[PDB]
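Two separate entries follow, structure 1 and structure 2, each one form of the same protein chain as structure tokens.
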Structure 1
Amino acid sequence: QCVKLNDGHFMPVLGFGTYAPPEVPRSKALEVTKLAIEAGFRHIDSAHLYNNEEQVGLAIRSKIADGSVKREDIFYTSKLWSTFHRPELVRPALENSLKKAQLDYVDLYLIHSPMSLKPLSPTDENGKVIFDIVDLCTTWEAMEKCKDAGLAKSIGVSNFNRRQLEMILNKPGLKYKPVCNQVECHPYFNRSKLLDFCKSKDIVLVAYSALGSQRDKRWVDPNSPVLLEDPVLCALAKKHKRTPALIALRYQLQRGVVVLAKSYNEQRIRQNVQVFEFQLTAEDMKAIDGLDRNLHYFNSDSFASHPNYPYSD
């Protein structure tokens, strides 16, 4: 249930998404991350942005303390937020994440986004987001030093487009390739071409919003189609006697995509590990590939006007 990364470490192919909006109490992240670990998740996805690293790290330490897992059985990810791109800010941000979780290292540290912000959402007096210009090759060199230090076992990026990934791959004296690019990916935005490019470079694509996103009104149009109501996914859930969420997760695994799944619901957290219990046929995969429609749920002025907006290409 693992994939081997390009630096030789292993990443579990199903991960637990931990983000929940500020209206959910912080204590819920502790409880649901324990439940996820109990259910069998071994890859846990967090970030500075999520304001939950203390609770998530406590859930992991608690499951280590009670004998359920060892540290080495857990793959924990955190992410550099975009106000900390300046290379001198990278290691201190990572050390702050580690102190919050009370862990000695993360399994994976990512650049959360290429869209640099003034050193969470800095805004000018009108309401406009304040951007920054940073050479992300320098950010990347700071990430590589964090791996050399043992602060992160592996390092990768998120929300990069092909051009952005090439800039890092082509960097003079690159030491470590990104292990992964974590991006929005689901059957209405399946990233087929980006996935090919990643496979060609032995980089793993990690899908977020694989179940169609939380549809948070801050970034998602509530008029957008609801992925888990899709009629093809419904028809395939009835064929397999599973659920449309499980169809959408299994689709990713069969394409060689590592897939995240957030749920703060006890039943759905346990449901999602059923993804390993069945498989889809080629005609089933073809039907899901046919749903692709260039639909990114995160679709906001706060991204689309950024000079480094990943969806410009």
Structure 2
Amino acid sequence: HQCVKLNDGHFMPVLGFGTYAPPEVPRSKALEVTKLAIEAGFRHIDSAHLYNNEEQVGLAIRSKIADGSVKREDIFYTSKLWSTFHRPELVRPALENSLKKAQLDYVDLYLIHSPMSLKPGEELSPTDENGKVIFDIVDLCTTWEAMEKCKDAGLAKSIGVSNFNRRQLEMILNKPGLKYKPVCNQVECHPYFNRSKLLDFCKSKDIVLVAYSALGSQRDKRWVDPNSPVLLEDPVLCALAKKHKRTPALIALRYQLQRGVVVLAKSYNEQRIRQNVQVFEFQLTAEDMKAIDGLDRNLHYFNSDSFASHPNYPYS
């Protein structure tokens, strides 16, 4: 039920449903599970142009509005501007296209998906003849201006960023004629990478930290090294789960909630979708918090080193 107030005065529900699924999963699944997530109790729905599912997710949202389950105002829907669209003149059309695909009039939240700008084209990851991705050099403050223009148009209620570090955040915050702060910064966050310093920064600036891969990544072969620790197998989360008679995933999500982090949970399984909303049903002790805090290994699951060269590469 709980929401946090955003620095533009809108409210963001603190538990969000992640909708990304690999290309293998049929697109119809995005429709089904998103309706399930809404039926379960989620009111915050995270998507993006990249995820190739905005048609299905928007259809689920429209279906739940139209069967009378919720109203548009109950749903907090997030889309993301992809990095082939960072040139300012490309920002508003991308949003419009996302809206046309999702069949909604506005998103509650529009994010700059990543700081590292790509070559503009009809392709989503443009690669040259050797298969290397072609970068673009764009001053992200101009991207931000185009984002602010989307806010004034009513196309996005709130605007924020994702995968930005301290430097990129303050580069937006120092911006001359800044009309709107980012309400939020959506970054990878879980017990093996808690972002305690980044989070403290944000709390100072009134920017919500939004955790993704907060259950430990879906562990795609393409992006994640399978030898990395499995977060939901962690001994301390398994211990706390048996102690509270919950599950490791519930421990992880509650961990974020109690340290003031809005947390995303992806699940395409109906039982886990309905289980994840029990995060509001129990609390961890300050000592449980301490023991999870102690798991921090500054561990990225998303291996991005073919982009280290990028001037805007987030964690240099």
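Basically, rigid core = biggest C-alpha set you can superpose within 1.5 Å across the two forms. Shifts are known only where both forms have a C-alpha. For numbering, take structure 1's sequence and count from 1.
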Practice item. Classify residue 24 as shifted (yes) or not shifted (no) between the two structures, where shifted means its C-alpha moves by 2 Å or more with the rigid core superposed. Key: no
Review point. So, does residue 289 move by 2 Å or more at the CA between the two structures, with the core held fixed?
Key: no
**Study point:** Per-residue C-alpha change between the two structures, residue 298, threshold 2 Å, rigid core fit
**Key:** no
Point to revise | Backbone CA shift between the two structures, residue 252, after core fitting (angstrom) | key: 0.2
Review point. Once the two forms are fitted on their rigid core, how many angstrom does the CA of residue 307 move between the two structures?
Key: 2.2
Review point. Taking the rigid core as the frame, how far in Å does the Cα of residue 219 move between the two structures?
Key: 1.2
Exercise for review: Once the core is lined up, would you list the consecutive runs of at least three residues whose Cα atoms each shift 2 Å or more between the two structures?
Suggested key: 300-307
